[PDB]
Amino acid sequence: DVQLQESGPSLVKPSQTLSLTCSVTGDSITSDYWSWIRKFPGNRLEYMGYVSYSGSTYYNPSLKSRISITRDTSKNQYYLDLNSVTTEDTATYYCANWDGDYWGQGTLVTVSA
C-alpha cells in the first residue's frame, strides 16, 4: 500500500510561512495526483490544492494566493508552502492521494503569538 507522512513545525507565529513536507512511500508521484487537505479544530474540512503527475497545481481560491505546492520527484516528496499565516490557519494538515484511500496521519500546526 501507499504510505504518506507529513513533517514540519508544530508551532508557527503570525506572518511566518508554514512549510510542510509530504513523504510518499510505495507509489510514484510522477503518476496519479497528490493533495493537501486541512481539518480545522472545529472539524471543518478544506481542500487546499493538488499537484498532477506532470506538476500542474490547483489551489483553493479561499487561500487567496498564499499557497504554493511543489515537488521533488527524486525523493518522492511534495511540499506545501502557506504564506502570511494567521490564527485562522491553525489546523491539522494532511497530505493524501487524490483518490482518497490513503492519507497521512496528519500534522497539527498551531499559529500563535
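Heads up: residue numbers just count along the shown sequence, starting at 1.
The mean Cα B-factor in the deposited entry runs higher for 22 to 30 than for the other of 44 to 52 and 22 to 30.
As the entry records it, the average C-alpha temperature factor is higher for 10 to 18, out of 87 to 95 and 10 to 18. In this PDB entry, the Cα temperature factor of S65 sits in the top third of its chain's modelled residues, the highest group. The deposited CA B-factor of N76 belongs to the highest third of values across its chain.
The deposited CA B-factor of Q3 belongs to the highest third of values across its chain.
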